[PDB]
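Following: one structure in structure tokens, then a few remarks.
All of this is worked out from the model, or read from it or from the source named; no laboratory read-out is quoted. In this analysis, Cβ positions are derived from the backbone assuming ideal geometry, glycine residues included, and neighbour counts consider all displayed protein chains.
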Amino acid sequence: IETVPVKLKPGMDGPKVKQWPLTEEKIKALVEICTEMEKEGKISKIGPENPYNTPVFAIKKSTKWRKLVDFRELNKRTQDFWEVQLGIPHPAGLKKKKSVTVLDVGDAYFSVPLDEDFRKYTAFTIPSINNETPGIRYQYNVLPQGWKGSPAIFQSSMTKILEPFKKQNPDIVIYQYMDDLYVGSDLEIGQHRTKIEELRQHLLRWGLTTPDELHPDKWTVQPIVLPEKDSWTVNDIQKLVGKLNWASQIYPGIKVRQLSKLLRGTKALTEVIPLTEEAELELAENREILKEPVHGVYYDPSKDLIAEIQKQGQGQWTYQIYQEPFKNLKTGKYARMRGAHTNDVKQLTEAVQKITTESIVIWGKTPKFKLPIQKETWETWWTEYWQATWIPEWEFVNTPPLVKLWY
Amino acid sequence: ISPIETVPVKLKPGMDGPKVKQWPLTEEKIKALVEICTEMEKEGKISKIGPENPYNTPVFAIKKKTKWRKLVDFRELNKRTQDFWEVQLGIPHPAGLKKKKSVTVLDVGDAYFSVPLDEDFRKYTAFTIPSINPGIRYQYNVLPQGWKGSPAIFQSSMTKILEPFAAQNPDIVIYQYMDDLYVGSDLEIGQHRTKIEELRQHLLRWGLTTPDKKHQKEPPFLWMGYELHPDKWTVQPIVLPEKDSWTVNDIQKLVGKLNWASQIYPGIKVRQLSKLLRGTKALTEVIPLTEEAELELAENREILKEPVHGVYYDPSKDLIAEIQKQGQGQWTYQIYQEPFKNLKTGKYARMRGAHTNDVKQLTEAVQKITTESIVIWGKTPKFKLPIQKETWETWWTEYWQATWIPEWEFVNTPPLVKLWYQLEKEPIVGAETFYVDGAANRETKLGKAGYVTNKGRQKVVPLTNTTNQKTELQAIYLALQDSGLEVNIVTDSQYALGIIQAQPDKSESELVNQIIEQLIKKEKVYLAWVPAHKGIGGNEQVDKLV
Ligand SMILES: N#Cc1cc2c(Oc3ccccc3OCCC(=O)NCC(F)F)cccn2c1
């Protein structure tokens, strides 16, 4: 197999990212994993004249250890010229299918040799404990998983293998982000799960192994809910006027002038106020403008996506994906169900993973998260529930919400 | 001098080798220089060159701390050479070593000149000895001193040279570090002293001198500002100077020695001393000392009066860390496997953020400790913590951030960690309702604070030297002073609602501290927010008054 030559955007040097300190147990797994990989030829040890680095993590895919490499920085310095040169185009029909299964085709890439001159930028380090020894240094010889260039370069083979199945099933959508195939149908869950096993077998009998379901039918911007109460108070009309005043930044056709006169004198907080004719009229007129979606909100394929998450309590977290302030392209709420075997970081981690998949299905790119968590805390435990092969970008919003209940 | 395989080296892309002009220097040294070039050329570490593709680098000389020495300034070649992997930034921490009966410290001499230089790269190390007028034209064949590539290449060479000797002796353990090797073994002193002799004979077959046992160092070991003792470790003797005036420089060098000692001497406090350093001015001004700073330093002198020690690590024993409060936003921890001997100690201070509370600082301390245990021992400890389950369950349920709390057991040692108050989450029935507001003028900086209550009560207080921020908390403080043990405050300012709902128990502002004192006294407080200037009923009045 001849090698596809690979070039960074000119004036860009290779990545040099610090390796994160690891548990002894995790270091053992990497050294085991990497010893097998050196034998099968996939990676090789390197010298001190290779200055680049890329972090390595150890996750659990299971009772066996998978290795995960954080190619985020090397993706920015090469693939940004490989969304253009060898880019994989995104079908806007996939979000509209009733069911969507996700298949892991990451093994394919490991057969294909990597351009000899590019290998130096795949360098990574297995760290040692207590700086006992400079770590073990490796670089790749095959198409590495998690690099965004592996599926660009393997596209032609993948298009060829898939096409006999695309012919038999012209109504199935197959999309490839990184190391994963998204297959979306309109079949009944029974027939969808059949077709998927057909594709799994077609794939397996062409030499492509995969380990052995979403429904983007209720994926829209969830509407703002005004609490419906049988009786009201001074406090409840203050909470109501405060919410509607904030919504006026989103739906500018909201009038609160009628509800605010309804508590005219300085009155005790718990004092019960019945509402006038013009009050319920301002309440119901505002309920109809708040169940109908926004005007002017369009995906921009040049700006980044941004996902903000807020903690709600009792295993509930709500999220908002936008590109400009207040023009929310998508909103939702995620709830776990892991009893008392669920903790705050398990729940936030699954939230991030679920948000990133919805983002991939809808737009073919992942957001950058504004995460509510101490930075060092996240840099320590995120890998304990990370089941995915990609890694989104994130920063840490140490500023609190103060809003919360408004979502 | 070594048969080591060279490491290929390039120049930074689209650059070329250093072409500098040698300055005329005093002949007293020029002849002192050739007594080095010939005695180096005879050992092969350089070689004379002709006029072919000559770049040049300057060269100097100076006396000795008896034998004049040579200097080559590679500051220009260094700029043009490729980049290399970075040599070990950190070092092992003695808390983390595991005792090995016999330990031997070998320092290889001539280390960079024992290692050869990649052939096609030698021509860019060319340098020239002058005359009065021709000139001697040399170049290097080994890793030149103070070249950018020398440390990382030498480290890798040495590592490769050890590799066959380790594969024969899996019994013994070698730590590498700069030009030193530290060899430890659970071998009886005769087997150990024989193995060390095998090693030195191995290294000399690759061209690497090592000291003879007449020169082998002996414990205690003074390494990287430590005292390494056969069963215990500690820092070097600390010396705190006694000066009348104190330079901004002088304060830096003291908070230095003090932080260093906190690894092992428990109790060191460094808050007030670096509060003085918050001047951030340049480094000769004589900063005056405060009384609290003068007290803290006194207390540190009383810890440092006696000497204290640390044990080494034992992988068969559990890892336990303990945390105790010191009140001033200052926390302290000891890490031990045995209750009379610590592995190490240390402190944590929340010098980030203007308002905080104790539980959040406790959590941040647990976090510092977990990062550090991973670095040093490859695991996390079991925590002995001065706080109770019902306290912590309550805070991390009601917190906005996600938090991760390891298994911990409650050690009942005062001062404990508690929640000193909690805001009500729904308005209090049968409590007055204060509609506070406040306002100030950005130029005059006069402003005012007042409230209006549902019971017809009304106050207004004038302020001087304030801000819309100060006077908005001043309104709330006013409603607290003037009310029952249960009170319903209603405010229009997001800033003031932000501080309070964070539920701090300590702050920089005395205003916020006074508000905290009032909230601890109250028996129930409900705080509530309404949009400012939205004619809601209640605020409108205050705004007028204020
Ligand atoms: N000058 C100097 C010097 C010596 C060492 C050092 O010693 C060791 C060398 C090999 C294996 C284990 C070692 O320590 C185990 C605990 C122990 O007992 N150490 C020696 C003390 F008891 F003397 C380790 C790290 C840096 N060093 C710097």
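Points to keep in mind about this one:
- Listed by first and then second residue, the pairs linking a residue in the stretch B:208-226 that is within 14 Å of chain A (Cβ to nearest Cβ) and closer than 28 Å to B:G90 by Cβ to a residue that is within 14 Å of the ligand (Cβ to nearest atom) and in a loop (DSSP other than H, G, I, E, B), with Cβ atoms under 6 Å apart and 6 or more places separating them unless they lie on different chains, are B:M224/B:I91.
- Residue in the stretch B:75-84 that is part of a loop (DSSP other than H, G, I, E, B) and either more than 22 Å from B:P151 (Cβ to Cβ) or among the small types (G, A, S) (or both) present: no
- Number of positions in the stretch B:85-101 that are within 14 Å of chain A (Cβ to nearest Cβ), assigned to a loop (DSSP other than H, G, I, E, B) and either within 14 Å of the ligand (Cβ to nearest atom) or farther than 18 Å from B:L181 by Cβ (or both): 11
- From the options A:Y251, A:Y319, A:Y334, residue that is in the same structural domain as A:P227 (by CATH), more than 30 Å from B:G456 (Cα to Cα) and in contact with an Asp or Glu (Cβ under 9 Å, 6 or more places away or on another chain): A:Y251
- Residues that are closer than 16 Å to B:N488 by Cβ and charged (D, E, K, R), drawn from the stretch B:413-446: B:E424, B:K425, B:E426, B:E432, B:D437
- One residue stands out in the stretch B:448-485 among those that are in a helix (DSSP H, G or I) and among the small types (G, A, S): the one that is nearest to B:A496 (Cα to Cα), namely B:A475.
- With respect to (1) part of a helix (DSSP H, G or I); (2) outside the structural domain of A:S150 (by CATH), the lone exception for A:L103 is condition (1).
- B:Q503 assigned to a loop (DSSP other than H, G, I, E, B) and not small (G, A, S): yes
- Residues (surrounded by fewer than 17 Cβ atoms within 10 Å (Cβ to Cβ) and either away from the ligand (no atom under 11 Å from the Cβ) or farther than 22 Å from B:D186 by Cβ (or both)) located in the stretch B:217-237: B:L222, B:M224, B:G225, B:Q236, B:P237
- From B:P13, B:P3, residue being closer than 22 Å to B:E119 by Cβ and within 14 Å of another protein chain (Cβ to nearest Cβ): B:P13
- Taking residues in the stretch B:180-202 that are more than 13 Å from B:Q216 (Cβ to Cβ) and among the aliphatic types (A, V, I, L, M), and partners anywhere that are within 11 Å of the ligand (Cβ to nearest atom) and in a strand (DSSP E or B), the pairs with Cβ atoms closer than 8 Å and at least 6 places apart or on different chains are B:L187/B:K101; B:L187/B:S102; B:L187/B:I172.
- Qualifying residue in the stretch A:129-140 (condition: more than 13 Å from chain B (Cβ to nearest Cβ) and on the phi < 0 side of the Ramachandran plot): yes
- Scanning the stretch A:1-47 for residues that are among the basic types (K, R), farther than 17 Å from A:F124 by Cα and crowded, with 16+ Cβ neighbours inside 10 Å returns no hits.
- Exactly one residue among B:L204, B:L181, B:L208 is closer than 18 Å to B:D107 by Cβ and more than 38 Å from the chain's Cα centre (by Cα), and that residue is B:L204.
- Spans of strands (runs of 3 or more DSSP E) in the stretch B:327-407 with at least 1 residues within 23 Å of A:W20 (Cα to Cα), under 26 Å from the mean Cα position of the chain (by Cα) and among the β-branched types (V, I, T): B:330-338
- Residue identified as surrounded by 15 or more Cβ atoms within 10 Å (Cβ to Cβ), under 30 Å from B:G90 (Cα atoms) and within 8 Å of chain A (Cβ to nearest Cβ) among B:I376, B:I428, B:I369: B:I376
- Cβ-Cβ under 9 Å pairs, at least 6 apart or on other chains, the stretch A:1-29 side facing chain B (nearest Cβ under 10 Å), far side part of a loop (DSSP other than H, G, I, E, B) and among the acidic types (D, E): A:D13/B:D83; A:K16/B:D83; A:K16/B:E86; A:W20/A:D70
- Meets criteria (more than 11 Å from chain B (Cβ to nearest Cβ) and within 39 Å of the chain's Cα centre (by Cα)) for A:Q238: no
- Meeting the requirement of 2 or more residues that are within 16 Å of the ligand (Cβ to nearest atom) and buried (at least 16 other Cβ atoms within 10 Å of the Cβ), the strands (runs of 3 or more DSSP E) wholly within the stretch B:102-201 are B:102-107, B:172-177, B:180-185.
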